[PDB]
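Visitor: The file below is run-v4.pdb, PDB, C-alpha atoms and all ligand atoms:
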```pdb
ATOM      1  CA  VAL A 102      19.799  -2.326  22.409
ATOM      2  CA  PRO A 103      19.228  -4.828  19.536
ATOM      3  CA  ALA A 104      19.196  -2.933  16.239
ATOM      4  CA  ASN A 105      15.812  -4.502  15.438
ATOM      5  CA  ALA A 106      14.194  -3.502  18.737
ATOM      6  CA  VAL A 107      10.891  -1.627  18.279
ATOM      7  CA  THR A 108      11.271   2.067  19.102
ATOM      8  CA  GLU A 109       8.590   4.031  20.953
ATOM      9  CA  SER A 110       8.672   6.550  18.094
ATOM     10  CA  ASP A 111       8.141   3.903  15.412
ATOM     11  CA  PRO A 112       4.768   4.810  13.770
ATOM     12  CA  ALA A 113       3.206   1.372  14.274
ATOM     13  CA  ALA A 114       4.407   1.407  17.905
ATOM     14  CA  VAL A 115       2.915   4.844  18.421
ATOM     15  CA  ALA A 116      -0.404   3.635  16.944
ATOM     16  CA  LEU A 117      -0.438   0.657  19.276
ATOM     17  CA  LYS A 118       0.889   2.740  22.196
ATOM     18  CA  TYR A 119       3.797   0.360  22.804
ATOM     19  CA  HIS A 120       6.253   1.218  25.604
ATOM     20  CA  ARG A 121       9.463  -0.660  26.433
ATOM     21  CA  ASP A 122       8.486  -0.337  30.107
ATOM     22  CA  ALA A 123       4.884  -1.284  30.867
ATOM     23  CA  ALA A 124       5.028   1.284  33.687
ATOM     24  CA  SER A 125       5.101   4.133  31.142
ATOM     25  CA  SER A 126       1.997   2.841  29.341
ATOM     26  CA  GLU A 127      -1.731   3.696  29.461
ATOM     27  CA  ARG A 128      -2.531   0.134  30.614
ATOM     28  CA  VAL A 129      -4.380   1.076  33.776
ATOM     29  CA  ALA A 130      -6.578   3.301  31.602
ATOM     30  CA  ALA A 131      -7.003   0.812  28.762
ATOM     31  CA  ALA A 132      -8.353  -1.699  31.326
ATOM     32  CA  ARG A 133      -7.890  -4.591  28.923
ATOM     33  CA  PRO A 134      -9.501  -7.787  30.226
ATOM     34  CA  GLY A 135      -7.733 -10.948  31.292
ATOM     35  CA  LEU A 136      -5.488  -9.932  34.169
ATOM     36  CA  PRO A 137      -5.100  -6.810  36.339
ATOM     37  CA  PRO A 138      -3.412  -3.954  34.377
ATOM     38  CA  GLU A 139      -0.486  -4.123  36.768
ATOM     39  CA  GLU A 140       0.041  -7.726  35.642
ATOM     40  CA  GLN A 141      -0.089  -6.934  31.935
ATOM     41  CA  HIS A 142       3.220  -7.268  30.055
ATOM     42  CA  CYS A 143       4.574  -8.682  26.811
ATOM     43  CA  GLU A 144       5.776 -11.615  28.911
ATOM     44  CA  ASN A 145       2.211 -12.934  29.247
ATOM     45  CA  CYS A 146       0.832 -11.682  25.941
ATOM     46  CA  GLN A 147      -0.684 -13.928  23.300
ATOM     47  CA  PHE A 148       1.193 -12.283  20.414
ATOM     48  CA  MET A 149       4.655 -12.487  21.988
ATOM     49  CA  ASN A 150       7.106 -14.756  20.112
ATOM     50  CA  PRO A 151       9.357 -16.432  22.728
ATOM     51  CA  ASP A 152      11.234 -18.451  20.096
ATOM     52  CA  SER A 153      12.481 -15.129  18.699
ATOM     53  CA  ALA A 154      15.420 -13.076  19.992
ATOM     54  CA  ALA A 155      17.426 -13.618  23.168
ATOM     55  CA  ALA A 156      16.991 -12.488  26.759
ATOM     56  CA  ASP A 157      14.513  -9.706  27.522
ATOM     57  CA  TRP A 158      14.199  -8.987  23.803
ATOM     58  CA  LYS A 159      11.767 -11.502  22.295
ATOM     59  CA  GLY A 160       9.596 -11.113  19.199
ATOM     60  CA  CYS A 161       6.020  -9.960  18.536
ATOM     61  CA  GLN A 162       3.396 -10.884  15.873
ATOM     62  CA  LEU A 163       2.448  -7.239  15.291
ATOM     63  CA  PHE A 164       6.071  -6.157  14.756
ATOM     64  CA  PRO A 165       7.497  -8.504  12.084
ATOM     65  CA  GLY A 166      11.284  -8.741  12.097
ATOM     66  CA  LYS A 167      11.477  -6.495  15.146
ATOM     67  CA  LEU A 168      11.977  -7.136  18.869
ATOM     68  CA  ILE A 169       9.860  -5.989  21.851
ATOM     69  CA  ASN A 170      10.951  -5.903  25.496
ATOM     70  CA  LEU A 171       9.375  -8.600  27.699
ATOM     71  CA  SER A 172       8.552  -5.919  30.278
ATOM     72  CA  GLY A 173       6.768  -3.737  27.718
ATOM     73  CA  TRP A 174       3.080  -3.323  26.873
ATOM     74  CA  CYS A 175       0.851  -2.105  24.031
ATOM     75  CA  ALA A 176      -2.897  -1.637  23.509
ATOM     76  CA  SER A 177      -3.256  -5.036  21.807
ATOM     77  CA  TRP A 178      -2.393  -6.890  24.996
ATOM     78  CA  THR A 179      -4.173 -10.226  25.159
ATOM     79  CA  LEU A 180      -3.530 -12.810  27.890
ATOM     80  CA  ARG A 181      -1.547 -15.724  26.462
ATOM     81  CA  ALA A 182      -4.030 -18.551  25.802
ATOM     82  CA  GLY A 183      -2.494 -21.598  27.456
TER      83      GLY A 183
ATOM     84  CA  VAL B 102      -3.442  -7.184  -6.675
ATOM     85  CA  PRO B 103      -0.818  -4.644  -5.449
ATOM     86  CA  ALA B 104       2.435  -6.479  -4.736
ATOM     87  CA  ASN B 105       2.449  -4.972  -1.232
ATOM     88  CA  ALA B 106      -1.099  -6.068  -0.386
ATOM     89  CA  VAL B 107      -1.325  -8.009   2.902
ATOM     90  CA  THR B 108      -1.963 -11.707   2.287
ATOM     91  CA  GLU B 109      -4.307 -13.764   4.466
ATOM     92  CA  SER B 110      -1.441 -16.228   4.961
ATOM     93  CA  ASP B 111       1.001 -13.546   6.109
ATOM     94  CA  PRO B 112       1.893 -14.499   9.741
ATOM     95  CA  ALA B 113       0.986 -11.107  11.218
ATOM     96  CA  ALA B 114      -2.297 -11.180   9.258
ATOM     97  CA  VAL B 115      -3.047 -14.658  10.540
ATOM     98  CA  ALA B 116      -2.351 -13.498  14.122
ATOM     99  CA  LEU B 117      -4.702 -10.565  13.702
ATOM    100  CA  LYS B 118      -7.217 -12.669  11.735
ATOM    101  CA  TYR B 119      -7.234 -10.236   8.808
ATOM    102  CA  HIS B 120      -9.415 -11.089   5.788
ATOM    103  CA  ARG B 121      -9.572  -9.154   2.509
ATOM    104  CA  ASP B 122     -13.361  -9.565   2.659
ATOM    105  CA  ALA B 123     -14.905  -8.713   6.027
ATOM    106  CA  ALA B 124     -17.568 -11.328   5.228
ATOM    107  CA  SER B 125     -15.005 -14.129   5.657
ATOM    108  CA  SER B 126     -13.949 -12.874   9.101
ATOM    109  CA  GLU B 127     -14.854 -13.815  12.698
ATOM    110  CA  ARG B 128     -16.233 -10.293  13.293
ATOM    111  CA  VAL B 129     -19.698 -11.333  14.394
ATOM    112  CA  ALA B 130     -18.003 -13.568  16.971
ATOM    113  CA  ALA B 131     -15.379 -11.038  18.048
ATOM    114  CA  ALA B 132     -18.231  -8.604  18.853
ATOM    115  CA  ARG B 133     -15.850  -5.661  18.976
ATOM    116  CA  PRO B 134     -17.542  -2.525  20.323
ATOM    117  CA  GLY B 135     -18.271   0.655  18.423
ATOM    118  CA  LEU B 136     -20.570  -0.362  15.588
ATOM    119  CA  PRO B 137     -22.533  -3.513  14.682
ATOM    120  CA  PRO B 138     -20.189  -6.294  13.409
ATOM    121  CA  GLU B 139     -21.891  -6.103  10.038
ATOM    122  CA  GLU B 140     -20.759  -2.470   9.833
ATOM    123  CA  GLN B 141     -17.152  -3.197  10.750
ATOM    124  CA  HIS B 142     -14.608  -2.755   7.935
ATOM    125  CA  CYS B 143     -11.180  -1.252   7.343
ATOM    126  CA  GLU B 144     -13.035   1.669   5.767
ATOM    127  CA  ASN B 145     -14.165   2.901   9.198
ATOM    128  CA  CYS B 146     -11.209   1.678  11.238
ATOM    129  CA  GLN B 147      -9.010   3.936  13.332
ATOM    130  CA  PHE B 148      -5.750   2.386  12.097
ATOM    131  CA  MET B 149      -6.540   2.640   8.380
ATOM    132  CA  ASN B 150      -4.230   4.997   6.436
ATOM    133  CA  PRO B 151      -6.333   6.676   3.702
ATOM    134  CA  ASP B 152      -3.403   8.783   2.477
ATOM    135  CA  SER B 153      -1.695   5.516   1.503
ATOM    136  CA  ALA B 154      -2.273   3.507  -1.682
ATOM    137  CA  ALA B 155      -4.950   4.036  -4.320
ATOM    138  CA  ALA B 156      -8.525   2.832  -4.696
ATOM    139  CA  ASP B 157      -9.744  -0.018  -2.493
ATOM    140  CA  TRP B 158      -6.166  -0.677  -1.392
ATOM    141  CA  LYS B 159      -5.277   1.809   1.354
ATOM    142  CA  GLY B 160      -2.717   1.428   4.138
ATOM    143  CA  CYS B 161      -2.819   0.207   7.752
ATOM    144  CA  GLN B 162      -0.809   1.120  10.907
ATOM    145  CA  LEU B 163      -0.365  -2.535  11.892
ATOM    146  CA  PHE B 164       0.967  -3.526   8.454
ATOM    147  CA  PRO B 165       3.831  -1.099   7.685
ATOM    148  CA  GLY B 166       4.633  -0.777   3.990
ATOM    149  CA  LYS B 167       1.750  -3.073   3.099
ATOM    150  CA  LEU B 168      -1.790  -2.488   1.814
ATOM    151  CA  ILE B 169      -5.133  -3.735   3.212
ATOM    152  CA  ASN B 170      -8.452  -3.863   1.355
ATOM    153  CA  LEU B 171     -11.004  -1.243   2.463
ATOM    154  CA  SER B 172     -13.639  -3.988   2.659
ATOM    155  CA  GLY B 173     -11.478  -6.162   4.916
ATOM    156  CA  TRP B 174     -11.444  -6.644   8.691
ATOM    157  CA  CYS B 175      -9.125  -7.860  11.462
ATOM    158  CA  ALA B 176      -9.418  -8.403  15.224
ATOM    159  CA  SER B 177      -7.910  -4.982  16.006
ATOM    160  CA  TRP B 178     -10.877  -3.168  14.505
ATOM    161  CA  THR B 179     -11.497   0.124  16.266
ATOM    162  CA  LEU B 180     -14.082   2.672  15.093
ATOM    163  CA  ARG B 181     -12.324   5.655  13.520
ATOM    164  CA  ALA B 182     -12.281   8.437  16.138
ATOM    165  CA  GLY B 183     -13.631  11.488  14.335
TER     166      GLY B 183
HETATM  167  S1  LIG C 201       0.891  -7.357  21.151
HETATM  168 FE1  LIG C 201       1.692  -8.115  23.157
HETATM  169  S2  LIG C 201       3.807  -8.897  22.778
HETATM  170 FE2  LIG C 201       3.161  -7.438  21.165
HETATM  171  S3  LIG C 201       4.098  -5.376  21.702
HETATM  172 FE3  LIG C 201       1.966  -5.760  22.327
HETATM  173  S4  LIG C 201       1.812  -6.268  24.520
HETATM  174 FE4  LIG C 201       3.811  -6.713  23.511
HETATM  175  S1  LIG C 202      -6.424  -2.558  12.143
HETATM  176 FE1  LIG C 202      -8.226  -1.819  10.939
HETATM  177  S2  LIG C 202      -7.415  -0.982   8.971
HETATM  178 FE2  LIG C 202      -5.948  -2.425   9.926
HETATM  179  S3  LIG C 202      -6.222  -4.476   8.857
HETATM  180 FE3  LIG C 202      -7.303  -4.151  10.809
HETATM  181  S4  LIG C 202      -9.488  -3.687  10.492
HETATM  182 FE4  LIG C 202      -8.080  -3.178   8.768
END
```
Could you express the structure from this file as structure tokens?
Guide:
Amino acid sequence: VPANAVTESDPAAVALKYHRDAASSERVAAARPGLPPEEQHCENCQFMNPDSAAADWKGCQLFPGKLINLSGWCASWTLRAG
Amino acid sequence: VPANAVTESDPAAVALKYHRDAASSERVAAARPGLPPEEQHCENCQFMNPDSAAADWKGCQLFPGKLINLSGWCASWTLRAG
């Protein structure tokens, strides 16, 4: 929707395996540590920028100037510190 | 040197912990799998774009339009497939 939203065809997105819907991602296979794969989303990711965008479209450290979907996922998923 | 070279102060670089010289990085601590930390550099990283730039300054999938140093390192280090 937002013109600056990261596309799944964007080369950097493809490299990272980003998907607007975490259900379409290889997260169960990646088996990244921190939380069960099913629980892994941009919403609880360390690199997500909540002070960026509006609504479901917040920002991400790996995609400067662009917006990821809070329900998405990518291979760099890291549980938000706290 | 190249105007498009990724700076260590660049926000995305800081997030990823990128360092022009892999010796200045937290690679021994990160203990990423694939090759001994000492052996980890952009030169043997999966996301490095060799067909981009010239000399020591080649490209990287995580830094679109920018150039990383082949001797560098960042937390996303992944041994080049092959
Ligand atoms: S690093 Fe995190 S916030 Fe960014 S696209 Fe990936 S899963 Fe989402
Ligand atoms: S992902 Fe690889 S090529 Fe890119 S800055 Fe990092 S260590 Fe270097």
Visitor: Could you list, as number ranges by chain, every residue matched by the ChimeraX specification (/B :<6) & /A in this structure?
Guide: A: 113, 162-163
Visitor: Name all residues at most 10 Å from residue A:150 (count all atoms listed in the file; drop same-chain ones fewer than 5 positions away) and give them as a PyMOL selection string.
Guide: chain A and resi 143-144+158-162+168-169
Visitor: Here's a test: counting all atoms listed in the file, identify every protein, DNA and RNA residue with an atom at most 9 Å from (-3.2, -18.0, 30.3) in the file's coordinate frame, and state them as a compact mmCIF listing (two decimals) with C-alpha atoms, in the coordinates of the input.
Guide:
```
# COMPACT_ATOMS: atom_id res chain seq x y z
CA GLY A 135 -7.73 -10.95 31.29
CA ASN A 145 2.21 -12.93 29.25
CA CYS A 146 0.83 -11.68 25.94
CA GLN A 147 -0.68 -13.93 23.30
CA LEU A 180 -3.53 -12.81 27.89
CA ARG A 181 -1.55 -15.72 26.46
CA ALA A 182 -4.03 -18.55 25.80
CA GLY A 183 -2.49 -21.60 27.46
```
Visitor: What's the 9 Å shell around residue A:172, counting only C-alpha atoms, without same-chain residues fewer than 3 positions away, as a ChimeraX atom specification?
Guide: /A:120-124,141-144,157,169
Visitor: Starting from 4 Å padding per side, set up an axis-aligned box that covers all listed atoms of stretch 114-132 of chain A and hand over centre and edge lengths in Å, one decimal, as lines of an AutoDock Vina configuration file.
Guide:
```
center_x = 0.6
center_y = 1.6
center_z = 25.4
size_x = 25.8
size_y = 14.5
size_z = 24.8
```
Visitor: Of the candidates B:149, B:134, B:107, B:167, which shows the shortest atom-to-atom distance to ligand LIG 202 (chain C), using all atoms listed in the file?
Guide: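 The closest residue to ligand LIG 202 (chain C) is B:149.
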Visitor: Of the candidates B:130, B:166, B:151, B:119, which one gets nearest to ligand LIG 202 (chain C) if we count all atoms listed in the file?
Guide: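 That would be B:119, the residue with the smallest distance to ligand LIG 202 (chain C).
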Visitor: Can you measure atom CA of residue B:178 to atom CA of residue B:129 for me? One decimal in Å is fine.
Guide: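 Separation between atom CA of residue B:178 and atom CA of residue B:129: 12.0 Å.
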Visitor: At what distance in Å, to one decimal, does atom CA of residue A:138 lie from atom FE2 of ligand LIG 202 (chain C)?
Guide: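 Spanning atom FE2 of ligand LIG 202 (chain C) to atom CA of residue A:138 is a straight-line distance of 24.6 Å.
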Visitor: Between atom CA of residue B:136 and atom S4 of ligand LIG 202 (chain C), what is the distance in Å, rounded to a tenth?
Guide: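 Here the two named atoms are 12.6 Å from each other.
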Visitor: Between B:154, B:125, B:118, B:132, single out the one closest to ligand LIG 202 (chain C), counting only C-alpha atoms and all ligand atoms.
Guide: B:118
